[PDB]
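Undergrad: Protein chains in written order, with UniProt numbering: chain A, 257 to 506; chain B, 38 to 213, 226 to 506; chain C, 150 to 198; chain D, 47 to 646; chain E, 237 to 646.
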Ligand SMILES: Nc1ncnc2c1ncn2[C@@H]1O[C@H](COP(=O)(O)OP(=O)(O)O)[C@@H](O)[C@H]1O
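#1: So within the stretch 466-502 of chain E, which uninterrupted alpha helix (DSSP H) runs reach at least 4 residues, ignoring any that extend past its ends?
#2: With 7 angstroms set as the bound, which would you pick, yes or no: does the beta-carbon of residue 555 of chain E sit closer than that to a beta-carbon of chain B?
#3: Any beta carbon of chain B sitting closer than 7 angstroms to that of residue 473 of chain E?
#4: CB-CB under 8 angstroms to residue 359 of chain B, same chain, minus the five flanking residues each way: which ones, in chain order?
#5: Does the beta-carbon distance from residue 151 of chain D to residue 79 of chain D come in below 7 angstroms?
#6: Among E:471, E:266, E:582, E:274, which residue has its Cα nearest to the Cα of residue 374 of chain E?
#7: Over what stretch of residues does the beta strand (DSSP E) that includes residue 163 of chain D continue unbroken?
#8: Kindly indicate the opening and closing residues of the alpha helix (DSSP H) around residue 228 of chain A.
#9: Ignoring anything shorter than 3 residues, give me the beta strand (DSSP E) runs that lie fully in the stretch 98-130 of chain B, in order along the chain.
#10: Nearest to residue 295 of chain D by alpha carbon, out of D:555, D:132, D:606?
#11: Among all the DSSP beta bridges, which residues are the ones paired with residue 449 of chain D?
#12: Are the Cβ atoms of residue 382 of chain D and residue 290 of chain D separated by less than 7 angstroms?
#13: Going by CA-CA distance only, name the one from E:430, E:377, E:401, E:411 that's closest to residue 439 of chain E.
#14: Nearest-angstrom Cα distance between residue 461 of chain A and residue 376 of chain B?
#15: Does the count of Cβ pairs from the stretch 355-368 of chain E and the stretch 296-310 of chain E closer than 8 angstroms reach three?
#16: Residues of chain B with CB under 7 angstroms from residue 196 of chain C, in chain order?
#17: Would you identify the three-state DSSP class for residue 562 of chain E, choosing helix, strand or coil?
#18: Whether or not the stretch 149-159 of chain B and the stretch 399-412 of chain B are in contact is what I'm after, with contact meaning three or more pairs of Cβ atoms, one per stretch, closer than 8 angstroms; do they touch?
#19: Within 7 angstroms (strictly less), CB to CB, does residue 493 of chain B reach chain E?
#20: Name the one or two DSSP bridge partners that residue 339 of chain E has.
#21: Taking the straight line between their C-alpha atoms, what separation do you get for residue 248 of chain D and residue 119 of chain D?
#22: With respect to 6 angstroms, is the separation between the Cβ of residue 553 of chain E and the closest non-hydrogen atom of ligand 1 below this value?
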């Protein structure tokens with residue numbers, strides 16, 4: 257591994273170099289030395305604030321919240337520096353990390369990032385307050401390439417179908433959880449109570465990992481089915497009946 | 038030593054923009070010196086140098102720039118900052134915004150000249166104010182008590198009787226000699242007469258000085274109006290040992306002059322477009338208060354401010370909130386029900402009450418009573434909010450007792466005559482005869498010793 | 150029959166009125182203050198710009 | 047002497063050779079004499095905000111400085127005139143041009159020259175007499191109802207060197223000459239004043255007399271004082287015309303001014319068409335209200351400066367009439383549209399937005415405008431009092447009072463006559479919502495009422511309480527029905543309905559309610575409340591009895607009194623003498639007392 | 237010696253933080269602990285109590301010295317410190333001594349010239365780093381970093397620089413970041429080995445009382461501890477006004493080793509406390525739409541022990557002789573009794589609701605009203621009058637009284 261450190265008490269402007277420097281090390285190791293590289297950027301917000309500081313000092317015309325208007329192209333020259341290339345085995349995976357200012361997903365730093373990065377993983381105050389570690393809110397979390405990374409020979413063939421069903425169930429779960437207040441628990445149907453039971457069991461088992469449990473994809477889909485098994489077979493409208501007949505009666 | 042050197046006078050006006058006039062060719066401009074302007078028609082105005090740069094002096098003109106001219110305007114630079122003539126002879130007199138006399142008396146003879154900005158009281162010499170003033174008003178003296186030399190504002194919604202409350206304080210306030230500085234900014238004449246008349250009705254007029262700036266007087270003079278008042282209050286208190294009370298009326302109509310000057314200068318805007326220095330400017334007013342070592346004087350400040358759209362979180366109340374020793378709140382929810390004075394105890398606090406009460410200042414029970422009255426009043430509002438959704442059938446007998454507490458409390462503890470003076474002891478006894486509505490053990494803020502000495506009576 | 154109706158109505162009317170009053174004194178007030186706050190902070194962004 | 051245009055950007059014209067100019071000095075720009083105000087000096091250069099469209103202004107065009115800031119000509123010929131906000135006579139710009147438009151570049155003098163008037167010099171004066179600002183050195187008989195008192199300008203003083211003899215004169219005639227410090231000043235019946243400067247006074251007084259509108263709800267429950275400051279929520283659905291017409295066509299106010307701030311083009315023409323057709327009785331003659339007013343009308347498309355000046359011209363005209371010793375009253379049709387003109391001029395000045403978009407100074411401009419009201423001792427020597435009453439309409443979006451102009455206006459005004467669309471939909475004219483409405487002048491009229499109507503403060507207090515009790519009781523009526531209320535509550539509700547429908551409400555198209563005198567108003571309410579107290583006496587006096595009185599028994603045995611109480615509105619100040627009306631009301635008091643005695 | 241205040245005084249190492257910054261306040265020391273060498277913020281609106289927390293830490297903590305930094309603060313605060321601190325006393329080695337001997341004040345009152353707020357904050361930390369290098373566990377009360385940020389707004393405004401949010405300079409986040417991160421527990425410079433520390437507590441003062449404030453927004457990205465104060469608690473005179481839903485401490489994972497060594501029972505209690513205090517708000521959003529009759533007996537017990545933990549544990553009147561301070565033994569004893577009541581009451585319902593002989597919260601209250609009153613009374617125990625063994629013995633008697641009462645219900 258190779259760590260570039262800039263601490264909060266290191267000068268602001270060094271943070272402009274820091275991610276580009278790291279990515280240049282990543283491109284050397286991957287595209288010239290065939291390494292599979294994982295690049296972790298620890299807080300693109302403290303980078304964006306460094307562009308803001310110098311941009312402000314330059315009297316540049318601002319984008320929203322006083323960042324430089326070039327923030328999008330600038331972030332693109334960082335984020336786009338990833339992925340396998342022709343004739344190389346080498347490949348860079350980037351997992352940049354980004355402190356959402358004031359918890360706001362629509363803040364310009366995460367907003368412009370979401371346009372460039374191929375999805376996001378969203379970590380939520382609500383789940384953290386509930387002691388759900390890791391606090392990953394699966395709903396706003398997205399991965400644009402995921403559909404191409406799954407299927408027979410890549411994974412168990414159920415993976416895509418199980419994910420879509422589980423995701424829609426969690427969403428309906430959050431809706432019926434709001435209904436438990438707005439219309440009351442007594443207004444919930446048996447099916448809404450099953451989506452509420454699903455929501456609880458899902459956070460307790462699907463999301464909650466512990467700090468060292470290296471669950472396989474296969475074990476994750478087994479847990480996926482063990483949660484889907486809560487509903488009657490006919491409720492699982494996102495899964496094809498062939499996949500249900502192979503993996504629901506387990 | 039006196040400033041002996043002869044004064045310059047410039048026709049070199051080289052620009053005018055908003056309330057600013059920009060001189061050029063000025064010989065060693067001084068930041069914050071005062072300039073007198075003569076207009077082409079012979080009208081006199083005054084102004085402060087806001088910026089200097091080489092030959093340029095940017096003067097802000099107090100009496101407005103309308104009629105200033107790029108050829109004929111004459112600027113007499115005074116060569117010093119805005120000093121004010123002060124004397125104890127200013128008691129029993131009335132002044133315009135800029136401290137010119139308007140009671141038809143003569144110009145003030147200076148016992149000295151003082152800098153209008155005052156000076157930062159040395160934190161080492163400052164004495165922590167603790168000797169209680171009874172205002173006579175139960176909602177103050179009981180639950181929000183004011184120390185001799187405290188600063189504590191009265192916040193109000195618009196049109197609330199806050200003038201009558203301040204008048205009552207200037208009719209009943211005293212310790213368990227005294228003199229008043231009063232200032233009003235952007236006040237209407239229909240209220241200027243009320244204040245002047247009230248100091249006559251109370252017989253107090255001989256011991257009070259009124260600085261009046263009315264809503265049709267110049268807005269920039271409001272910036273200096275409370276500073277003149279405080280400079281006179283410093284002279285009376287720290288130089289002459291008077292137990293001064295300073296009333297500053299509609300700090301909002303002062304704050305609007307800050308917002309205007311800010312927009313006119315293009316200063317960096319904080320919340321709602323007040324200047325970034327808004328907190329400091331308010332401090333430069335509000336910190337001239339409290340006792341200082343060796344001096345028996347004690348400037349107390351009771352600013353008054355109309356909160357815009359009744360919003361407690363507005364920058365005027367909110368920044369005042371961070372600076373003042375707690376705040377007294379006046380409420381429409383009381384005033385519409387005719388509950389005079391409409392002081393809502395709950396949102397109120399006094400930072401100095403902690404040491405202004407208990408043995409040697411007030412009866413031993415007082416601090417415990419105050420806290421338990423907040424507890425019961427607050428729980429009363431919470432059960433009222435419950436009743437307003439789910440009805441009295443959802444409330445327990447204890448919840449209905451907290452609702453009854455809030456009703457009996459507002460009708461007796463807060464409700465008081467505009468000329469009725471209640472001692473702290475009488476206020477505490479009203480407090481206890483209300484607290485006796487609950488069983489002894491329910492009074493969870495009060496220690497068992499205080500309950501044994503004061504609950505059964 | 151009239152009594153069973155009476156009892157059921159006396160609960161259902163109370164439940165309904167409680168929801169109505171919760172909308173009128175909880176949910177609408179949260180929405181109104183939230184809208185007034187949003188209008189304020191949008192105008193703060195507009196003044197900064 | 048005059049300068050030359052140097053540059054133009056939109057409505058903002060930079061000029062040069064402006065060395066002797068002043069900020070806010072008025073300037074004519076271009077060969078067409080466009081009007082504008084200087085808004086910056088930069089040395090010998092100056093920047094002029096032009097009012098009219100600058101299209102076709104050229105570099106090197108003439109820039110004539112006017113010797114004055116923005117100003118109002120004051121004198122004879124104001125009455126019946128229609129001006130715009132910058133004091134240009136819209137009736138004459140019509141008739142002299144023969145055009146439907148205001149031509150870009152008007153130069154018509156605001157008080158029309160060559161029109162003679164009958165001038166009487168004040169016969170008490172002589173050459174060598176001492177004179178000061180506000181001294182009435184003569185009168186112009188310009189209309190039968192309003193003797194126009196001429197006066198020395200407030201800045202002027204000295205010894206009379208010559209005064210014109212009695213005769214016919216106009217603005218070009220030197221009516222007066224006086225000398226001070228060895229310098230003669232020539233003067234005319236026309237006077238000029240800076241529009242943004244208050245006209246000074248000997249003393250501004252506490253206001254203490256009712257501005258009687260002839261409208262029961264207003265004059266009883268929410269009295270505005272003469273010289274008072276007041277607001278009306280001017281919106282289409284609530285009938286804002288009802289108050290403004292009634293004030294003009296009857297109320298105790300010697301001269302009316304009406305300012306169109308910036309009204310919708312049709313709604314402005316509605317007013318300008320309609321007001322000339324209104325008439326008021328004077329000395330047993332009927333005459334057009336155009337004898338007692340001037341209209342400062344601005345449609346929304348009049349220049350931004352003409353809208354923001356509109357109210358300042360209006361108040362300046364009103365203060366000139368105040369200093370003649372008249373009780374002037376001035377409407378403003380929408381202070382909100384004036385506040386938009388403030389937002390726009392501050393936008394063009396590139397000043398920072400304060401509240402919601404408005405300037406920092408919006409509150410101060412409103413407050414320093416409303417303070418121009420009040421009763422006053424005039425300047426000069428004949429010692430007369432006068433006043434200006436300001437009736438400033440507001441138009442809060444959706445009725446939301448948090449709107450900056452509305453909020454600041456309700457902060458400053460002492461009376462709010464809250465008109466309501468609900469009451470207008472129910473045809474409850476004058477449609478004033480008595481729960482929302484208020485007056486802070488109640489205390490100030492105690493002295494007046496104690497002298498002239500010593501019982502009336504008790505009556506007003508009881509009336510508001512009775513109506514407020516009915517509003518609380520209506521919640522109980524919804525919860526448990528009218529049948530469930532106590533007898534005292536039921537009679538209170540019935541009487542509150544009687545007060546609401548037959549005292550608050552008033553049909554201003556009928557001969558009996560077209561106006562309603564104050565003595566009539568008091569007598570009507572006195573009867574309703576005397577009935578309430580005696581009815582309530584019989585009810586409460588028969589608490590715990592075998593037979594208990596109720597409103598139904600009162601309606602059965604004496605419903606003729608309820609019918610008579612409702613009928614008391616029909617009494618006519620023209621066909622019935624004041625003593626006859628008072629006698630009929632006293633007869634109803636005797637009738638009801640004997641009727642109540644038949645029960646208790 | 238003389239040192240540039242803007243240059244960090246260097247160290248041999250910055251270590252992890254692993255000893256609690258003991259503070260007089262129950263809610264702080266129990267539920268959101270600060271650590272010697274850790275940063276903290278106290279964002280609160282005006283009159284919320286943040287300044288009294290700042291006083292309380294200075295008056296009563298295990299800090300070996302305190303630098304207090306009155307940056308832009310009201311002048312009577314400095315007078316109150318200078319009045320109280322020469323008269324309040326700690327003890328060392330059997331000698332009672334005035335706590336002023338372990339402090340220094342940097343003052344710059346709100347009306348003193350704006351610029352000096354910057355120099356004040358840097359002076360307070362540079363003094364703190366000096367005492368840190370001596371091996372003292374320093375603490376430093378940055379008594380308002382928003383009034384500091386407002387001084388950076390002022391200079392930026394005069395310089396005509398481009399502002400970020402609410403007029404603040406873009407470098408505000410960078411200045412604050414490079415300030416709070418001057419804290420730590422350190423192997424000092426030089427040869428005789430020392431473990432000094434600076435702990436930094438910043439009383440952020442959000443304009444309008446709203447945590448969307450840029451000073452707060454930056455500060456929360458830097459500090460490892462958030463004690464967010466609620467104005468609604470301060471209105472009710474609930475103090476210290478810490479909102480237990482939004483507040484957090486990142487140091488719990490390091491401190492858990494200290495609690496395991498000295499207070500092994502505590503981590504269960506802290507967990508049950510936080511959970512009950514969350515379940516109250518989960519219930520409130522239901523109760524406000526239907527009324528309290530909807531609650532199960534478990535929920536009534538939850539709200540009651542939440543009311544105990546709120547009104548008799550979290551509440552603390554820090555000027556009174558009994559709430560002046562609170563030792564950890566008193567703190568855990570109070571919380572242990574309250575949670576012991578929760579578990580026993582919950583167990584009693586769960587044990588009997590399987591039958592017609594069901595125990596209820598009302599049955600418990602009517603049989604055990606004296607126990608609820610004793611539980612409320614626990615706060616009044618006074619460390620000056622009562623020894624740790626005496627307070628613990630009273631608390632053991634409450635545990636026994638509860639157990640014998642519940643044994644009579646079951
Ligand atoms: N812990 C407390 N114990 C008792 N009273 C408190 C406590 N915290 C706040 N109050 C009261 O409220 C006042 C306001 O809080 P303080 O910290 O002094 O002001 P601020 O929040 O503006 O900094 C305190 O001075 C005290 O009188």
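Positions of the beta carbon are idealized from the N, C-alpha and C atoms, including for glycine.
TA: Let me spell this out:
#1: 467-471, 488-498
#2: Start at 1 with the first residue of the fifth chain, and residue 555 of chain E comes out as number 319. Residue 555 of chain E counts as touching chain B.
#3: Here the question's residue 473 of chain E lines up with position 237 in the fifth chain. With respect to chain B, the C-beta atom of residue 473 of chain E has a partner C-beta closer than 7 angstroms.
#4: As a first step, residue 359 of chain B is located in the second chain; it is residue number 310 there, counting from the start. Excluding positions up to five away in sequence, the list reads 194, 195, 381.
#5: Counted from its first residue, the fourth chain places residue 151 of chain D at position 105. Counted from its first residue, the fourth chain places residue 79 of chain D at position 33. Cβ atoms of residue 151 of chain D and residue 79 of chain D: closer than 7 angstroms.
#6: Taking the fifth chain and counting its residues from 1, one reaches residue 374 of chain E at position 138. Minimum Cα distance to residue 374 of chain E is reached at E:274.
#7: In the fourth chain, counting from the first residue as 1, residue 163 of chain D sits at position 117. 163-167 is the extent of the beta strand (DSSP E) around residue 163 of chain D.
#8: Nothing can be reported for residue 228 of chain A, as the shown portion of chain A is limited to 257 through 506.
#9: 111-114, 120-123
#10: In the fourth chain, residue 295 of chain D corresponds to position 249, counting from 1. The candidate whose alpha carbon is nearest that of residue 295 of chain D is D:555.
#11: On the fourth chain, residue 449 of chain D is found 403 positions in, with the first residue counted as 1. For residue 449 of chain D, which the question treats as bridged, DSSP gives no partner whatsoever.
#12: Counting from one through the fourth chain, the residue named residue 382 of chain D turns up at place 336. Counting from one through the fourth chain, the residue named residue 290 of chain D turns up at place 244. No, they are not a contact pair.
#13: Position 203 of the fifth chain, counting from 1, holds the residue named residue 439 of chain E. Comparing Cα positions, the closest option is E:377.
#14: Against the first chain, residue 461 of chain A aligns to sequence position 205. Against the second chain, residue 376 of chain B aligns to sequence position 327. If you draw a straight line from the Cα of residue 461 of chain A to the Cα of residue 376 of chain B, it is about 51 angstroms long.
#15: yes
#16: Locating residue 196 of chain C in the third chain gives position 47, where the first residue counts as 1. Near residue 196 of chain C (Cβ distances below 7 angstroms), the residues of chain B are 318, 322.
#17: Walking along the fifth chain from the start, residue 562 of chain E turns up at place 326. DSSP places residue 562 of chain E in coil when its eight states are reduced to three.
#18: No, because fewer than three Cβ pairs between the stretch 399-412 of chain B and the stretch 149-159 of chain B fall closer than 8 angstroms, the two stretches do not touch.
#19: As a position in the second chain, residue 493 of chain B is number 444, starting the count at 1. A Cβ of chain E is located within less than 7 angstroms of the beta carbon of residue 493 of chain B.
#20: Along the fifth chain, read from residue 1 onward, the residue named residue 339 of chain E stands at position 103. DSSP output for residue 339 of chain E lists E:302 as bridge partner(s).
#21: As a first step, residue 248 of chain D must be located in the fourth chain, where it is residue number 202. As a first step, residue 119 of chain D must be located in the fourth chain, where it is residue number 73. Approximately 22 angstroms, taken between the alpha carbons.
#22: On the fifth chain, residue 553 of chain E is found 317 positions in, with the first residue counted as 1. It does: the Cβ of residue 553 of chain E is within 6 angstroms (strictly closer) of some heavy atom of ligand 1.
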